[PDB]
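Reading through the structure tokens given below for one structure.
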Amino acid sequence: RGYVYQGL
Amino acid sequence: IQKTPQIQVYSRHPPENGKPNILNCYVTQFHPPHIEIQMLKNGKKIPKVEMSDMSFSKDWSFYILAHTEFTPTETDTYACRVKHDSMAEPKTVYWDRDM
Amino acid sequence: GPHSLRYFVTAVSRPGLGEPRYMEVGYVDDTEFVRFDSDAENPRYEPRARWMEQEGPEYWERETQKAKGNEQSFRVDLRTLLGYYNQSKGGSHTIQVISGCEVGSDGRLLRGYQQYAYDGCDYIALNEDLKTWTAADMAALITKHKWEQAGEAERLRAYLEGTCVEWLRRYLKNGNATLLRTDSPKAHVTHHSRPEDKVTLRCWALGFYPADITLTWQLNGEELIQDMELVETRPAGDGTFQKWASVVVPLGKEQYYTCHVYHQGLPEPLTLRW
Ligand SMILES: *[C@@H]1O[C@H](CO[C@@H]2O[C@@H](C)[C@@H](O)[C@@H](O)[C@@H]2O)[C@@H](O[C@@H]2O[C@H](CO)[C@@H](O)[C@H](O)[C@H]2NC(C)=O)[C@H](O)[C@H]1NC(C)=O
Ligand SMILES: *[C@@H]1O[C@H](CO)[C@@H](O)[C@H](O)[C@H]1NC(C)=O
């Protein structure tokens, strides 16, 4: 399962 | 950053006329990611080619595989044609069955 | 042995041609197992390995929703970076991320990682400690400071040590017949003439899994790594890999050169000659 990325 | 693609064409099994095989065009070490990759049989585009194995290396360059099932014959010729911004014109690499 | 779960993420803008292209590709070890591509007709997370048939429909729905959210986050990120780098809205740019974890034979965490790049250059990365970040330039330093105040490293560490490890173990269990197999290389040598009374000898290794392999050429017992030409190990379309390595030797002296192949599926390494 993949990650929910944080905005840059 | 601009990096020109390395284009490699090869079969899964040593080619034997009349025996089912898989033909591969591995396009690697390129950037930017926009690219067009076509597999050709006797100069004509092969339909339904599968794209797989997209990844990138430690230097961020892109890698991707085009592959298709095929049964070699003595007269059929195969190639892979690639268009990428690092190249003014398209580059074609031929399957060399004796490599 | 050890095993990994990795996700390769790419977002590429295309001004004048609509929304960015967004893709996620997942691997267990060397085996592609899931993919999301925004340019598909009906974008959804899809299985890429047969064993992923063992997940139920909820898995696919949840991963699809996550991917769609990620796609929107990266679309914003492309715009944000134009600001950080003072770039125009007319040029194409790329964000890349590699995220994942590795476990030992016992299923316990060995390492976790997350690294970002912008236009093919390092941007920000998680350090090995899983607690701090390293930023390659001043733009990434802005991101670092945002992530520190949002408690992002704690969140990421929780994913790496928890979800990532737990799902990797599950994928290895479900996909054991594929992922824990060994397919032994089959090797052969080809020969090609050259000008100047020399010959190219090419040693091929075919049909193997996993991907790690060593090919060398020897003369009088010493390896010829300096004089060798080779290709990076490459996928062959059916979940196996191939490689070749070549040397140029004098005509008539081919019999003195030997190719050696070392692999998990070769209890004794192979030794071949033309
Ligand atoms: C792979 O493992 C299975 C056991 O795992 C179960 O079936 C898998 C396909 C997967 O769905 C897992 O999550 C399941 O937990 C092995 O199958 C068995 O092995 C033992 C020993 O021979 C036997 O007693 C059981 O009856 C088998 N179970 C079933 C359902 O057939 C299988 O041998 C493994 N495959 C290989 C080639 O290693
Ligand atoms: C941003 O680019 C503009 C030109 O488009 C330039 O005039 C300006 O100096 C740049 N701003 C900064 C602070 O770098």
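Protein chains in written order, with PDB author numbering: chain P, 1 to 8; chain B, 1 to 99; chain A, 1 to 274.
Even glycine gets a Cβ: it sits at the ideal position worked out from N, Cα and C.
Residues surrounding ligand 1 [beta-carbon distance to nearest heavy atom under 5 Å]: A:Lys173, A:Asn174, A:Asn176 and A:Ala177
Alpha-carbon to alpha-carbon, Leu126 (chain A) and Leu109 (chain A): In a straight line, the C-alpha of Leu109 (chain A) is about 16 Å away from that of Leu126 (chain A).
DSSP on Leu130 (chain A), reduced to helix/strand/coil? coil
For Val49 (chain B), the nearest candidate out of B:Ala66, B:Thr92 and B:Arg81 (CA to CA): Among B:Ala66, B:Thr92 and B:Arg81, the Cα nearest to that of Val49 (chain B) belongs to B:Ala66.
With respect to 7 Å, is the separation between the Cβ of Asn42 (chain B) and the closest non-hydrogen atom of ligand 2 below this value? Result no, Cβ not under 7 Å from ligand 2.
My parser needs the alpha helix (DSSP H) runs of 4 or more residues fully inside the region 79-161 of chain A; what are they? Runs of the alpha helix (DSSP H) inside the region 79-161 of chain A: 138-149 and 152-158.
At what residues does the beta strand (DSSP E) containing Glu166 (chain A) begin and finish? No beta strand (DSSP E) holds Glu166 (chain A); the alpha helix (DSSP H) holding it covers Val165 to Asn174.
In this structure, how does DSSP classify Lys66 (chain A) when only helix, strand and coil are distinguished? helix
Where do the ends of the beta strand (DSSP E) carrying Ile35 (chain B) lie? Careful: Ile35 (chain B) lies outside any beta strand (DSSP E) and carries neither H nor E.
What residue ranges within the region 183-248 of chain A form continuous beta strand (DSSP E) runs of no fewer than 3 residues, ordered along the chain? 186-193, 198-208 and 214-219
Is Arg75 (chain A) helix, strand or coil when you go by DSSP? DSSP places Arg75 (chain A) in the helix class (H, G or I) of the three-state scheme.
Of the residues that make up the region 223-247 of chain A, which ones have a beta carbon closer than 9 Å to any beta carbon in chain B? Going along the region 223-247 of chain A in chain order, one finds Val231, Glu232, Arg234, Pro235, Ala236, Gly237, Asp238, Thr240, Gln242 and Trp244 with a Cβ nearer than 9 Å to chain B.
Nearest to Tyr63 (chain B) by alpha carbon, out of A:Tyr209, A:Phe8 and A:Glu19? A:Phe8
Which stretch, first to last residue, makes up the beta strand (DSSP E) that contains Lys19 (chain B)? It is not in any beta strand (DSSP E) - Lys19 (chain B) carries neither H nor E in the DSSP assignment.
In three-state terms, what does DSSP make of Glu19 (chain A)? Residue state, collapsed to three classes: coil.
Confirm the yes/no value for this check: CB of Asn86 (chain A), any heavy atom of ligand 2, distance under 7 Å. yes
Ignore the nearest five residues each way along the sequence and tell me which others in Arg157 (chain A)'s own chain have a CB closer than 6 Å to its CB. For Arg157 (chain A), where only same-chain residues beyond five positions count, the Cβ hits under 6 Å are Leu130.
Which residues, in order along the region 62-75 of chain A, keep a beta-carbon less than 9 Å from a beta-carbon of chain P? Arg62, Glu63, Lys66, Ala67, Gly69, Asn70, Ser73 and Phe74
Three-state secondary structure (DSSP) at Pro72 (chain B)? In the structure shown, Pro72 (chain B) sits in coil (DSSP, three-state: anything other than H, G, I, E or B).
I'd like to know if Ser13 (chain A) contacts chain P, where contact means its C-beta is closer than 8 Å to some C-beta of that chain. no
With which residues is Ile7 (chain B) paired in a DSSP beta bridge? In DSSP, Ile7 (chain B) forms a bridge with B:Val27.
Quick check on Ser86 (chain B) - is its C-beta less than 8 Å from some C-beta in chain A? It does not; no Cβ of chain A falls within 8 Å.
State yes or no: is the beta carbon of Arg12 (chain B) nearer than 8 Å to at least one beta carbon in chain A? yes
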